[PDB]
Structures are given as C-alpha cells and as structure tokens.
Amino acid sequence: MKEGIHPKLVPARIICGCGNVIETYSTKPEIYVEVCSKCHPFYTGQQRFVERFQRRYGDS
Amino acid sequence: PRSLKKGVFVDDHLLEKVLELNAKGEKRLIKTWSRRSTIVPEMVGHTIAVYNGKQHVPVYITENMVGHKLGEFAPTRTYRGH
Amino acid sequence: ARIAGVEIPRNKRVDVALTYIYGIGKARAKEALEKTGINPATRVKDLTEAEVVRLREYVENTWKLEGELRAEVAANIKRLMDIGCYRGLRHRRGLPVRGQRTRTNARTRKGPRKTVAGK
Amino acid sequence: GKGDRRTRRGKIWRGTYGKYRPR
Amino acid sequence: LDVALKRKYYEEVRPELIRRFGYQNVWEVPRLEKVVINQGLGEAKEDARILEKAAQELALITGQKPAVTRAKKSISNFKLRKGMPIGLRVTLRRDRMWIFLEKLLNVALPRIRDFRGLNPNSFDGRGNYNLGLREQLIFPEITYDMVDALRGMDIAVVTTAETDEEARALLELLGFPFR
RNA sequence: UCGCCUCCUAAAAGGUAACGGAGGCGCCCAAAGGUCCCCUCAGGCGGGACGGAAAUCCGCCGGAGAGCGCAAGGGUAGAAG
RNA sequence: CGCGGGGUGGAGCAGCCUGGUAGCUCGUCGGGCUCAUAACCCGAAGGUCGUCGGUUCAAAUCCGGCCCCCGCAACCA
RNA sequence: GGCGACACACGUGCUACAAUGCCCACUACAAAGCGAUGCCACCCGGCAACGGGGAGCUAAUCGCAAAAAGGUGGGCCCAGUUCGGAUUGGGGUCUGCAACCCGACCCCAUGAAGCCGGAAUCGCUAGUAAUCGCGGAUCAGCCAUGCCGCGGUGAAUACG
Ligand SMILES: [Mg+2]
Ligand SMILES: [Mg+2]
Ligand SMILES: [Mg+2]
Ligand SMILES: [Mg+2]
Ligand SMILES: [Mg+2]
Ligand SMILES: [Mg+2]
Ligand SMILES: [Mg+2]
Ligand SMILES: [Mg+2]
Ligand SMILES: [Mg+2]
Ligand SMILES: [Mg+2]
Ligand SMILES: [Mg+2]
Ligand SMILES: [Mg+2]
Ligand SMILES: [Mg+2]
Ligand SMILES: [Mg+2]
Ligand SMILES: [Mg+2]
Ligand SMILES: [Mg+2]
Ligand SMILES: [Mg+2]
Ligand SMILES: [Mg+2]
Ligand SMILES: [Mg+2]
Ligand SMILES: [Mg+2]
Ligand SMILES: [Mg+2]
Ligand SMILES: [Mg+2]
Ligand SMILES: [Mg+2]
Ligand SMILES: [Mg+2]
C-alpha cells in the first residue's frame, strides 16, 4: 500500500446483542453493534413472531 | 362486527343446503339471496349464486374467504370508469 | 441507541423515544418500561447500556415490529386485493373502504383535488 | 383536542367512557 | 495475516469443497479473488465536497481510500459533462479482502433493515457474485453522527470457479446468507 | 459562380472537361506541442443500491466497425488513440 | 422552374440570429362580485415548434431534401 | 338492491393548525329536563366498550350525574412536535332476525392534511360576541358535528 494515505487497520474487539465477535481486524477498535447474527434469534435459527376465524367462531 | 358468542350468523335456510351437500355426497350449484349470511368452512368448494339487487352472481369459495359475509363478493352498483 | 430496524431515537425522553418506533406508541410502550422496570422520564441520551439491551432485545423479540409489521399489512391487502373482497376493491382501484361518503371530501384517501369542468 | 378519542378531553366530547375516561 | 475467514476458508471450506465436487488439482479449487466495491455517485455532480466526505467514509470501512471514477462519455439527459467524477471505486484483495469480508458478514448484513436473505440469482454465469447496498451506516465504523446523507454501493465478488454452483458453494460455506 | 480542401466523374501510373454528382475551408490548440514510461477500443451477452437504451462497477466475448479538435479520403492499437 | 421572408398552445404574435431555459395579448377552464349577464377580481389548464433525415453531448434554434405560405420577378422577342 | 353512487362544483358545520396552549393527578361551583315497558346506585369480572349481579324510586324521596371551563400540583420546550386526530391493519363489544352493501362504541398498531387561509366574505351592541359543559325530542341502535333549550366564566367598541 501507498504509505501515508490509508486508515491504520489495527486488530479490534467488537460486540453485539450476543457474545463478542472475535476476529475484528479493523480501523477504530472497540465498536458496538446492535445486531450481529449468530443469534438463534434473527433469521438464523429461524423463528417467527386463512388462520383465524375457523377457531374463534367454530362453536361460539 | 357480528357479536362474538351470538353467532356467527348464517341464514339457516342456506346452511340447510350445504350440510345438505358437504356432508351429503351431492355437491353442485346453489343460488341464494342471503347476503347477510357469514360463510363456510362447510360451504367452501361449492358455487353459490349471490344476489346484487338485480340478479344472481356466481362466486367460488375458498379458505381465504375466512368469515366474509356472502355479499362482500357480489357488489351492488355498476361504474366501469368512463 | 438503536432499536427495531435501526430507528435510532435520542435526546427527547425515553417514553416518547419509543413512539418514534413504527409499531409502537404511548400504549405498547408505557407498559414495556415496567416490563424492564425502567423509569420513563429519563432520556435515551443518558441510560445504562445495560438497560438499553433489555429494551432492544425485549421489543424486537416481543411482537411484530417496524419491518415485519409493514410486511404484514402489505400482503394483508394483496390478500384482500386479488381476492375479490369488497373491502379490497376499494384498494385494487384505490378509494375509501370503511363506511363514509364519496360525494365530498375523501381528500386524504383520494389524493389532491383534480378539478375538471362544469355544466 | 375535542376529537382525540384516546384522550379524556375527547371522550367527554363524544360522550363515552374508556381507559382514558373511567368512572 | 491470521484473519479468521482466511483461516476458516482453508480449514473446513476447501475440504468440504473438494469432497463436494471432486477436484484433481489443488488449484482447480474455487478461490476467492478480488472483491471490488463501487460507489456510483451522480449525487456529486456540482458539489465536489460530497465526494471527499464519501471517500473518508468508505476508507474508514475498507482501510483503503478509493480511487475516483470519472465520466466516460458526456451524456446530456443527466448533467454529466465528459470529465466529471461520478463515483468512488476501490479494489481490495488479499487479506484486506478477508478482514473486510468477515466484518461484513458478522455485523454489516445483519444490521440491514428487514434482511430476509441475499437473493441467490446474482450469479453472472461464470461464477462471480455482485450485490448492492442502500445505506452506509450499517457498518460498525459509521456512527449515525457522521452521515451527511445516506448513500450505498455495488459490491463485486470475483471467484476462480468456472461455474456458478461452485461460486454458490464457495460463498455459502464461507457463510453467505441466501434464500 | 469566382480562391483553398475531400470524394466521384477520371477509362487500375500522373494529368484530364461541363451552369456534371456530393461536402467542407477563411479557424482551432500553451496543450490538442516535445519527449520518457504506462495503458487499449466500439459494440454485444450476464451480473449490480438510488442508474432508466446508454452516469458508475464486475465478469466473459470483442482485431478494430472506436478514437484520432473540425469535411471527406488515406492511414492507424506492433498507435497516429 | 428563379430570388427572398415564413410555418410556434384555440386566434394573433415573440422566441430562432448567438444550441441547454417555449413567452405575450386574447380566448378556455374553476372560483368570486351581481337578482342575473358582460365588464372587473382571484386561481388554472393548455404545445413538440410544417416534416423527414443529418449535425452535436444537447436541436424551436445549425445543415439537406420535401411540403405548404407570403413577396418579388420572368426583359430584348 | 337503491335513497349512503364519485372526474368534480357550492351552501351550512365540527375538529384543528397549538405554550392565554396539550396531557395527567387531585379538587371544586350550575340550570333545565328526562326516567318502574325505564333511568340503574353499590359489589364483582373485564385495560375498556360491556357483561354478572343487584338496592331504590310511578320519584323535590331513587337514578342518568362526571358538569366542563376553572382550581392545585406537576410533565412537555416551539418540534409537523406529547400539536393535530384524518386514513388504514388487527382484536372485540352491544343494539337488532340480521351491521358486506350500510350502524354506534372500546382497545392495540397507523399517524395523514393542516404552521391562520386568494378574490371574497358572515355574526354580534351586554351578561351580548367568544369560549365551556349539560339536558330533551325523534329514537331498538345510530351515522348528532344537526335541531330546540340550560346554565358556567365572560370582553372589545360606536366620533359619526
Ligand atoms: Mg361512518
Ligand atoms: Mg357511502
Ligand atoms: Mg393529541
Ligand atoms: Mg354523543
Ligand atoms: Mg356518537
Ligand atoms: Mg350520558
Ligand atoms: Mg470466474
Ligand atoms: Mg487516375
Ligand atoms: Mg418591347
Ligand atoms: Mg338499503
Ligand atoms: Mg339523503
Ligand atoms: Mg356539521
Ligand atoms: Mg367553533
Ligand atoms: Mg328543575
Ligand atoms: Mg374491575
Ligand atoms: Mg340520559
Ligand atoms: Mg410553531
Ligand atoms: Mg405539510
Ligand atoms: Mg349497516
Ligand atoms: Mg340591536
Ligand atoms: Mg377549543
Ligand atoms: Mg337517541
Ligand atoms: Mg349530538
Ligand atoms: Mg348533545
């Protein structure tokens, strides 16, 4: 690289809602992150949050 | 809407030709005037001829017609833009 | 700090900073501050990064929210459109649905007034 | 405002009671 | 040089890849060369200052400052005089590729609003994969307190895999969320 | 119409006429000049936020159909770009 | 066929020379004042610029042909 | 079924665009008129609408009843906002044989136009105009912001 003009790219430690993210190798060490994904919330470990009327009215 | 626990309401002169078909073995065309009536699970698959004010409209019934009164699907006036 | 989606709120207050979330307001919120046992009248500018991650992961993982919620309302209509439902014809070709008269002001649901010509 | 049904001031106007106008 | 994905590529990506298609030679393996980020900014035509803040931002998230594309030919329908800057574009590879790529998967993508997956049809038929971003503040180095305007980029991912399924495999086992 | 340039007429050297067929010139450039090093096009197909036929990117294919300030002709990437 | 000027919202006229951006009066439409109409007042709409091709990055604008328009001219014989 | 259509045009209105203001707690001060085919105290479930029960009164006896502005304390800090409550999703509740067309109401989410309105133009001279609640008719319910009444606080200004 052209010595001078680049960002410094030191190893970092980064966080998320889960445990720490390890590798991190980044400009500006020690950043926080609202959502990283290895969760088993959020789409990895899938999980949710026609259907209704045949239940509620069925006898009533 | 319809008070829950009081129905739900299907005009029983209509229900009387569907539990007369779905739990019969005969299953074919029907032609009503009762749009005030709620719906299946026991009519879904039949073909009811609904009334608009002027004549009898055909509707096929599916599971996404969850609890819609029978006139939600046979509208009452004509526009066609211009 | 950030909540559902990102939807970063800040200074104002903590109880209102949640109105500014889509899918939440003044009711789905004032409860979820005692669910985390959190004083409302404090400000998202100052509140422990501890008590932030209760809320962040409380609400995202409580119910349908900003993204998945608008996702829900959308295909709820293409359900009513594409189906022939009356309430959904007033969508397929764009008019008021529940009740009111259309010989006068629908100018919210009907777009700005497009004058034409008189007899 | 006299038409915010979700307030005390608007429930008085409409004449109804609720969570925001109890008795 | 120890970067976790560079590690994870060699141990547990290559093996599962060799035994999945069956490779005579060690080089026939799909290898990950030259991911390239391109910020198309017509949004800086008369304002020159929009670019210099954009590039300080993009470098902050790649450890290289980008080079500046300039306008190939002059086109009228949009202002576009024939020499102007219309975007930034950085080629990063070779362990800078990785520390960028690994970061993107952990933090960036899961921070994308509503994220039901990465559409898996962007394979260009000779085994490279490109995708586009909306906002810049999904990366860790972007504070929401330095975004003067929201603007995204296109991302190229070049791969030595002669076909797309091997491109598909190389990237999946690398940890790429598809549909 | 009147001088200069390009093509054809022009009969494969040159030259060749008509109130024959068609176009340009009366400038421009301090870099659009010298040199040394480097680079290679138009176009098409696939891919890619705001990008639409064509702003930018990435892939393959592309021997010159691009470019060479301005008209045409000749020339030209093994460069004159 | 000869020279010259032109063709632009419904009418009439600018804009074209000097490429980027279509304007003025009237009319038309919606609303006012009026018992009512006109006048008057407040808003609005409305066009690819004869046409085809070329030029340029971009064409009402520059270039060629065509087409209509007005004007001038066809003398010695 | 329609009278409830919707490219649009006008009349009478309501609610607003906010800090003399919004919200929440506590706390007061009226009149008229209705109601034993009804008005429902008080208890219980319910966020609530409402539903259970149930006491009283043919009613200066009992009930609709809380009057609201105001008062007190406190929160919001000039922000399309805790202004504003239009539109739409979902969940219910009661009337009624029935609520798609086409009902009222409660709750959760949504928060739209609107930052005092061109030419024009209306009402009002005193307890009036403004602003705030309340009742009644019709009436199952109700599209009431309407109509007829009731009291609360309470201006400005008329040379001519
Ligand atoms: Mg209604
Ligand atoms: Mg209607
Ligand atoms: Mg409000
Ligand atoms: Mg009422
Ligand atoms: Mg009402
Ligand atoms: Mg009452
Ligand atoms: Mg390849
Ligand atoms: Mg010769
Ligand atoms: Mg003579
Ligand atoms: Mg009817
Ligand atoms: Mg009527
Ligand atoms: Mg009204
Ligand atoms: Mg008023
Ligand atoms: Mg009395
Ligand atoms: Mg209770
Ligand atoms: Mg009463
Ligand atoms: Mg203000
Ligand atoms: Mg606005
Ligand atoms: Mg109805
Ligand atoms: Mg008087
Ligand atoms: Mg008021
Ligand atoms: Mg009534
Ligand atoms: Mg009323
Ligand atoms: Mg009333």
# chains A, B, ... in the order shown; residues from 1 in each chain; ligands from 1
call {"tool": "interface_residues", "arguments": {"of": "chain E", "to": "chain C", "cutoff": "9 Å", "atoms": "only C-alpha atoms", "output": "short mmCIF file (atom, residue, chain, number, x, y, z; two decimals) with C-alpha atoms, in the first residue's frame"}}
result
data_model
loop_
_atom_site.label_atom_id
_atom_site.label_comp_id
_atom_site.auth_asym_id
_atom_site.auth_seq_id
_atom_site.Cartn_x
_atom_site.Cartn_y
_atom_site.Cartn_z
CA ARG E 111 -27.74 -4.74 10.50
CA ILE E 112 -29.60 -4.36 7.19
CA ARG E 113 -33.20 -3.39 7.76
CA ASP E 114 -35.56 -6.35 7.31
CA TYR E 144 -25.10 7.94 12.56
#
call {"tool": "residues_around", "arguments": {"residues": "range 4-18 of chain D", "least_positions_apart": "2", "cutoff": "10 Å", "atoms": "only C-alpha atoms (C1' of nucleotides)", "output": "PDB file with C-alpha atoms (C1' of nucleotides), in the first residue's frame"}}
result
ATOM      1  CA  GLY D   1     -58.364  18.020  21.377  1.00  0.00           C
ATOM      2  CA  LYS D   2     -62.118  17.525  21.265  1.00  0.00           C
ATOM      3  CA  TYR D  20     -58.951   7.366  29.203  1.00  0.00           C
ATOM      4  CA  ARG D  21     -62.290   8.246  30.805  1.00  0.00           C
ATOM      5  CA  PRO D  22     -63.182   5.849  33.586  1.00  0.00           C
ATOM      6  CA  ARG D  23     -65.916   6.104  36.230  1.00  0.00           C
TER       7      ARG D  23
ATOM      8  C1'   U H  15     -62.243  19.458  14.878  1.00  0.00           C
ATOM      9  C1'   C H  23     -51.545  15.938  28.886  1.00  0.00           C
ATOM     10  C1'   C H  24     -52.027  13.645  33.734  1.00  0.00           C
ATOM     11  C1'   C H  47     -57.493  -2.191  30.174  1.00  0.00           C
ATOM     12  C1'   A H  48     -62.340  -0.787  28.465  1.00  0.00           C
ATOM     13  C1'   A H  49     -66.890  -0.991  25.365  1.00  0.00           C
ATOM     14  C1'   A H  66     -68.855  13.113  35.930  1.00  0.00           C
ATOM     15  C1'   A H  68     -66.607  21.371  31.678  1.00  0.00           C
ATOM     16  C1'   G H  84     -53.351  17.762  15.211  1.00  0.00           C
ATOM     17  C1'   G H  85     -56.556  13.175  15.076  1.00  0.00           C
ATOM     18  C1'   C H 105     -68.711   2.239  20.559  1.00  0.00           C
ATOM     19  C1'   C H 106     -63.766   0.151  23.176  1.00  0.00           C
ATOM     20  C1'   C H 107     -58.841  -1.397  22.607  1.00  0.00           C
ATOM     21  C1'   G H 133     -70.171  21.593  29.741  1.00  0.00           C
ATOM     22  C1'   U H 145     -70.537  17.858  14.458  1.00  0.00           C
TER      23        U H 145
END
call {"tool": "residues_near_ligand", "arguments": {"ligand": "ligand 15", "cutoff": "9 Å", "atoms": "only C-alpha atoms (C1' of nucleotides) and all ligand atoms", "output": "PyMOL selection string"}}
result
chain H and resi 44-46
call {"tool": "write_last_selection", "arguments": {"atoms": "N, CA and C atoms (P, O5', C5', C4', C3', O3' and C1' of nucleotides)", "output": "PDB file, in the first residue's frame"}}
result
ATOM      1  P     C H  44     -65.614  -4.541  44.448  1.00  0.00           P
ATOM      2  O5'   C H  44     -65.753  -5.807  43.482  1.00  0.00           O
ATOM      3  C5'   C H  44     -65.879  -7.112  44.028  1.00  0.00           C
ATOM      4  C4'   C H  44     -66.199  -8.149  42.982  1.00  0.00           C
ATOM      5  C3'   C H  44     -65.448  -8.041  41.673  1.00  0.00           C
ATOM      6  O3'   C H  44     -64.130  -8.518  41.755  1.00  0.00           O
ATOM      7  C1'   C H  44     -67.716  -8.491  41.236  1.00  0.00           C
ATOM      8  P     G H  45     -63.016  -7.870  40.813  1.00  0.00           P
ATOM      9  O5'   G H  45     -63.225  -8.609  39.415  1.00  0.00           O
ATOM     10  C5'   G H  45     -63.255 -10.027  39.339  1.00  0.00           C
ATOM     11  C4'   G H  45     -63.669 -10.500  37.966  1.00  0.00           C
ATOM     12  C3'   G H  45     -62.950  -9.871  36.784  1.00  0.00           C
ATOM     13  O3'   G H  45     -61.675 -10.422  36.557  1.00  0.00           O
ATOM     14  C1'   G H  45     -65.260  -9.920  36.346  1.00  0.00           C
ATOM     15  P     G H  46     -60.442  -9.443  36.289  1.00  0.00           P
ATOM     16  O5'   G H  46     -60.836  -8.729  34.929  1.00  0.00           O
ATOM     17  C5'   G H  46     -60.935  -9.485  33.735  1.00  0.00           C
ATOM     18  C4'   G H  46     -61.573  -8.701  32.612  1.00  0.00           C
ATOM     19  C3'   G H  46     -60.888  -7.413  32.196  1.00  0.00           C
ATOM     20  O3'   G H  46     -59.702  -7.601  31.446  1.00  0.00           O
ATOM     21  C1'   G H  46     -63.170  -7.004  32.393  1.00  0.00           C
TER      22        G H  46
END
call {"tool": "atom_distance", "arguments": {"atom1": "CA of residue 17 in chain C", "atom2": "CA of residue 115 in chain E"}}
result
23.9 Å
call {"tool": "atom_distance", "arguments": {"atom1": "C1' of residue 11 in chain H", "atom2": "atom 1 (Mg, counted along the ligand's line) of ligand 24"}}
result
23.9 Å
call {"tool": "select_by_dssp", "arguments": {"residues": "range 29-100 of chain E", "states": "strand (DSSP E)", "output": "ChimeraX atom specification"}}
result
/E:32-40,67-70,85-92
call {"tool": "interface_residues", "arguments": {"of": "chain A", "to": "chain H", "cutoff": "12 Å", "atoms": "only C-alpha atoms (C1' of nucleotides)", "output": "ChimeraX atom specification"}}
result
/A:52-53,56
call {"tool": "residues_around", "arguments": {"residues": "residue 45 in chain G", "least_positions_apart": "2", "cutoff": "12 Å", "atoms": "only C-alpha atoms (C1' of nucleotides)", "output": "PyMOL selection string"}}
result
(chain C and resi 114-117) or (chain G and resi 9+28-30+43)
call {"tool": "write_last_selection", "arguments": {"atoms": "C-alpha atoms (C1' of nucleotides)", "output": "PDB file, in the first residue's frame"}}
result
ATOM      1  CA  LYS C 114     -58.396  17.254  -9.514  1.00  0.00           C
ATOM      2  CA  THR C 115     -60.872  19.849 -10.837  1.00  0.00           C
ATOM      3  CA  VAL C 116     -62.486  19.124 -14.182  1.00  0.00           C
ATOM      4  CA  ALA C 117     -65.357  21.143 -15.752  1.00  0.00           C
TER       5      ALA C 117
ATOM      6  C1'   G G   9     -50.686  26.207 -27.046  1.00  0.00           C
ATOM      7  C1'   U G  28     -60.729  28.266 -22.498  1.00  0.00           C
ATOM      8  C1'   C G  29     -61.483  26.175 -17.562  1.00  0.00           C
ATOM      9  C1'   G G  30     -62.548  26.673 -11.688  1.00  0.00           C
ATOM     10  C1'   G G  43     -56.580  30.831  -9.468  1.00  0.00           C
TER      11        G G  43
END
call {"tool": "interface_residues", "arguments": {"of": "chain B", "to": "chain C", "cutoff": "9 Å", "atoms": "only C-alpha atoms", "output": "number ranges by chain"}}
result
B: 64-65, 68, 71-75
call {"tool": "write_last_selection", "arguments": {"atoms": "N, CA and C atoms", "output": "compact mmCIF listing (two decimals), in the first residue's frame"}}
result
# COMPACT_ATOMS: atom_id res chain seq x y z
N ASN B 64 -59.51 -18.44 2.01
CA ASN B 64 -59.23 -17.05 2.34
C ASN B 64 -60.50 -16.21 2.44
N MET B 65 -61.65 -16.76 2.05
CA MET B 65 -62.94 -16.19 2.40
C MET B 65 -63.31 -16.64 3.82
N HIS B 68 -66.18 -13.94 5.70
CA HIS B 68 -66.75 -12.80 4.99
C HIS B 68 -68.19 -13.07 4.59
N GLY B 71 -72.28 -11.25 0.61
CA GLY B 71 -72.34 -10.10 -0.27
C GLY B 71 -71.06 -9.31 -0.41
N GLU B 72 -70.06 -9.56 0.44
CA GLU B 72 -68.77 -8.93 0.22
C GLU B 72 -68.21 -9.27 -1.15
N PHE B 73 -68.82 -10.22 -1.86
CA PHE B 73 -68.28 -10.71 -3.10
C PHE B 73 -69.24 -10.57 -4.27
N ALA B 74 -70.41 -9.96 -4.08
CA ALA B 74 -71.34 -9.67 -5.17
C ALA B 74 -71.80 -8.22 -5.03
N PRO B 75 -71.08 -7.29 -5.66
CA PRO B 75 -71.25 -5.87 -5.32
C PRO B 75 -72.54 -5.32 -5.91
call {"tool": "residues_around", "arguments": {"residues": "range 44-48 of chain E", "least_positions_apart": "5", "cutoff": "12 Å", "atoms": "only C-alpha atoms (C1' of nucleotides)", "output": "list in words"}}
result
residues 39, 53, 54, 55, 68, 69, 70, 71, 78, 79, 80, 81, 82, 83, 84, 85, 86, 87, 88, 149 and 151 of chain E; 55 and 56 of chain F
call {"tool": "residues_near_ligand", "arguments": {"ligand": "ligand 9", "cutoff": "9 Å", "atoms": "only C-alpha atoms (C1' of nucleotides) and all ligand atoms", "output": "ChimeraX atom specification"}}
result
/G:75-77
call {"tool": "write_last_selection", "arguments": {"atoms": "N, CA and C atoms (P, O5', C5', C4', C3', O3' and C1' of nucleotides)", "output": "PDB file, in the first residue's frame"}}
result
ATOM      1  P     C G  75     -41.386  39.101 -69.796  1.00  0.00           P
ATOM      2  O5'   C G  75     -40.329  40.201 -70.227  1.00  0.00           O
ATOM      3  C5'   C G  75     -40.371  41.494 -69.653  1.00  0.00           C
ATOM      4  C4'   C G  75     -39.118  42.250 -69.971  1.00  0.00           C
ATOM      5  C3'   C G  75     -38.712  42.193 -71.425  1.00  0.00           C
ATOM      6  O3'   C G  75     -39.374  43.175 -72.196  1.00  0.00           O
ATOM      7  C1'   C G  75     -36.880  41.600 -70.105  1.00  0.00           C
ATOM      8  P     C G  76     -39.595  42.944 -73.760  1.00  0.00           P
ATOM      9  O5'   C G  76     -38.124  42.887 -74.330  1.00  0.00           O
ATOM     10  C5'   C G  76     -37.324  44.053 -74.365  1.00  0.00           C
ATOM     11  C4'   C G  76     -36.266  43.899 -75.409  1.00  0.00           C
ATOM     12  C3'   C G  76     -36.755  43.215 -76.667  1.00  0.00           C
ATOM     13  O3'   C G  76     -37.320  44.149 -77.552  1.00  0.00           O
ATOM     14  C1'   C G  76     -34.711  42.239 -75.933  1.00  0.00           C
ATOM     15  P     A G  77     -38.720  43.845 -78.248  1.00  0.00           P
ATOM     16  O5'   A G  77     -38.424  42.481 -79.017  1.00  0.00           O
ATOM     17  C5'   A G  77     -39.443  41.767 -79.700  1.00  0.00           C
ATOM     18  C4'   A G  77     -39.834  40.524 -78.929  1.00  0.00           C
ATOM     19  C3'   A G  77     -39.318  40.476 -77.488  1.00  0.00           C
ATOM     20  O3'   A G  77     -40.177  41.128 -76.563  1.00  0.00           O
ATOM     21  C1'   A G  77     -38.638  38.524 -78.613  1.00  0.00           C
TER      22        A G  77
END
call {"tool": "interface_residues", "arguments": {"of": "chain C", "to": "chain A", "cutoff": "12 Å", "atoms": "only C-alpha atoms", "output": "JSON, numbers by chain"}}
result
{"C": [1, 2, 3, 4, 5, 6, 7, 8, 49, 50, 52, 53, 54, 55, 56, 57, 58, 59, 60, 61, 62, 63, 64, 65, 68, 69, 72, 76, 79, 80]}
call {"tool": "write_last_selection", "arguments": {"atoms": "N, CA, C and O atoms", "output": "tab-separated table (two decimals), in the first residue's frame"}}
result
chain	number	residue	atom	x	y	z
C	1	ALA	N	-29.86	4.84	21.76
C	1	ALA	CA	-29.29	3.88	20.83
C	1	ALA	C	-30.39	3.18	20.04
C	1	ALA	O	-31.57	3.40	20.28
C	2	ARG	N	-29.98	2.30	19.14
C	2	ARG	CA	-30.86	1.79	18.11
C	2	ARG	C	-31.74	0.67	18.62
C	2	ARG	O	-31.36	-0.09	19.52
C	3	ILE	N	-32.93	0.57	18.03
C	3	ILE	CA	-33.98	-0.40	18.32
C	3	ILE	C	-34.41	-1.01	16.99
C	3	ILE	O	-33.66	-0.95	16.01
C	4	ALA	N	-35.56	-1.67	16.97
C	4	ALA	CA	-36.07	-2.42	15.83
C	4	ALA	C	-35.77	-1.73	14.51
C	4	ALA	O	-35.86	-0.50	14.43
C	5	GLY	N	-35.35	-2.47	13.49
C	5	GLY	CA	-34.74	-1.80	12.36
C	5	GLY	C	-33.47	-1.14	12.88
C	5	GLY	O	-32.65	-1.78	13.55
C	6	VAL	N	-33.31	0.15	12.66
C	6	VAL	CA	-32.29	0.84	13.43
C	6	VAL	C	-33.09	1.76	14.30
C	6	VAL	O	-33.07	1.62	15.54
C	7	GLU	N	-33.90	2.58	13.63
C	7	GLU	CA	-34.79	3.56	14.26
C	7	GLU	C	-34.18	4.21	15.50
C	7	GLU	O	-34.80	4.23	16.56
C	8	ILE	N	-32.98	4.77	15.35
C	8	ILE	CA	-32.29	5.41	16.48
C	8	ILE	C	-33.17	6.52	17.03
C	8	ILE	O	-33.44	7.49	16.31
C	49	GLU	N	-26.08	1.42	29.23
C	49	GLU	CA	-26.01	0.46	28.14
C	49	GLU	C	-26.54	-0.90	28.56
C	49	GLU	O	-26.93	-1.70	27.71
C	50	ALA	N	-26.58	-1.16	29.86
C	50	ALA	CA	-27.27	-2.32	30.39
C	50	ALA	C	-28.75	-2.24	30.04
C	50	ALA	O	-29.24	-3.04	29.23
C	52	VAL	N	-30.37	-0.61	28.08
C	52	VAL	CA	-30.70	-0.49	26.67
C	52	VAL	C	-30.91	-1.87	26.04
C	52	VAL	O	-31.86	-2.06	25.28
C	53	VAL	N	-30.05	-2.84	26.35
C	53	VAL	CA	-30.14	-4.16	25.70
C	53	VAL	C	-31.27	-5.00	26.26
C	53	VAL	O	-31.62	-6.03	25.66
C	54	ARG	N	-31.86	-4.62	27.40
C	54	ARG	CA	-33.15	-5.18	27.75
C	54	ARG	C	-34.19	-4.78	26.72
C	54	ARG	O	-34.81	-5.63	26.08
C	55	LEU	N	-34.33	-3.47	26.48
C	55	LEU	CA	-35.34	-2.96	25.56
C	55	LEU	C	-35.07	-3.43	24.14
C	55	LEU	O	-35.98	-3.93	23.46
C	56	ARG	N	-33.84	-3.25	23.65
C	56	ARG	CA	-33.51	-3.60	22.28
C	56	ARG	C	-33.99	-5.01	21.94
C	56	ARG	O	-34.66	-5.22	20.93
C	57	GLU	N	-33.66	-5.98	22.81
C	57	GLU	CA	-33.99	-7.39	22.60
C	57	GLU	C	-35.31	-7.79	23.25
C	57	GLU	O	-35.85	-8.85	22.91
C	58	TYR	N	-35.86	-6.98	24.16
C	58	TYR	CA	-37.25	-7.17	24.55
C	58	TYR	C	-38.13	-7.05	23.31
C	58	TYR	O	-38.71	-8.03	22.85
C	59	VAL	N	-38.16	-5.83	22.75
C	59	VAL	CA	-39.24	-5.45	21.85
C	59	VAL	C	-39.11	-6.16	20.51
C	59	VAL	O	-40.09	-6.67	19.97
C	60	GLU	N	-37.89	-6.20	19.94
C	60	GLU	CA	-37.71	-6.96	18.71
C	60	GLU	C	-38.28	-8.36	18.84
C	60	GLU	O	-38.91	-8.89	17.92
C	61	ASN	N	-38.09	-8.97	20.02
C	61	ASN	CA	-38.49	-10.34	20.30
C	61	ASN	C	-39.73	-10.41	21.19
C	61	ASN	O	-39.86	-11.33	22.00
C	62	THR	N	-40.64	-9.44	21.05
C	62	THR	CA	-41.94	-9.46	21.72
C	62	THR	C	-43.11	-9.65	20.78
C	62	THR	O	-44.08	-10.33	21.13
C	63	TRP	N	-43.05	-9.05	19.59
C	63	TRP	CA	-44.20	-8.94	18.70
C	63	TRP	C	-43.73	-8.46	17.32
C	63	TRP	O	-42.54	-8.22	17.09
C	64	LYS	N	-44.70	-8.34	16.41
C	64	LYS	CA	-44.46	-7.87	15.05
C	64	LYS	C	-44.09	-6.40	15.09
C	64	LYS	O	-44.76	-5.60	15.74
C	65	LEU	N	-43.01	-6.04	14.40
C	65	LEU	CA	-42.47	-4.70	14.56
C	65	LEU	C	-42.08	-4.14	13.20
C	65	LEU	O	-42.23	-4.80	12.16
C	68	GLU	N	-41.11	-6.31	9.78
C	68	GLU	CA	-42.04	-7.42	9.64
C	68	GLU	C	-43.49	-6.96	9.79
C	68	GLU	O	-44.40	-7.63	9.28
C	69	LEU	N	-43.73	-5.82	10.44
C	69	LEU	CA	-45.10	-5.35	10.62
C	69	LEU	C	-45.66	-4.76	9.33
C	69	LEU	O	-46.73	-5.16	8.87
C	72	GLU	N	-46.42	-7.22	7.13
C	72	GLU	CA	-47.69	-7.90	7.39
C	72	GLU	C	-48.86	-7.14	6.76
C	72	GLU	O	-49.69	-7.73	6.07
C	76	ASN	N	-51.44	-8.38	3.65
C	76	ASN	CA	-52.82	-8.42	4.13
C	76	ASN	C	-53.78	-7.83	3.10
C	76	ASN	O	-54.96	-8.22	3.05
C	79	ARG	N	-53.89	-9.79	-0.17
C	79	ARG	CA	-54.86	-10.80	0.24
C	79	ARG	C	-56.28	-10.32	-0.02
C	79	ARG	O	-57.10	-11.09	-0.52
C	80	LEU	N	-56.59	-9.06	0.31
C	80	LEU	CA	-57.93	-8.52	0.07
C	80	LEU	C	-58.10	-8.06	-1.38
C	80	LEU	O	-59.15	-8.30	-1.99
call {"tool": "residues_near_ligand", "arguments": {"ligand": "ligand 24", "cutoff": "8 Å", "atoms": "only C-alpha atoms (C1' of nucleotides) and all ligand atoms", "output": "PyMOL selection string"}}
result
chain H and resi 134-135+144
call {"tool": "residues_near_ligand", "arguments": {"ligand": "ligand 19", "cutoff": "6 Å", "atoms": "only C-alpha atoms (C1' of nucleotides) and all ligand atoms", "output": "PyMOL selection string"}}
result
chain H and resi 99+102-103
call {"tool": "write_last_selection", "arguments": {"atoms": "C-alpha atoms (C1' of nucleotides)", "output": "PDB file, in the first residue's frame"}}
result
ATOM      1  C1'   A H  99     -74.440  -4.460  10.696  1.00  0.00           C
ATOM      2  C1'   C H 102     -74.557   0.448   5.273  1.00  0.00           C
ATOM      3  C1'   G H 103     -74.522   1.119  12.241  1.00  0.00           C
TER       4        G H 103
END
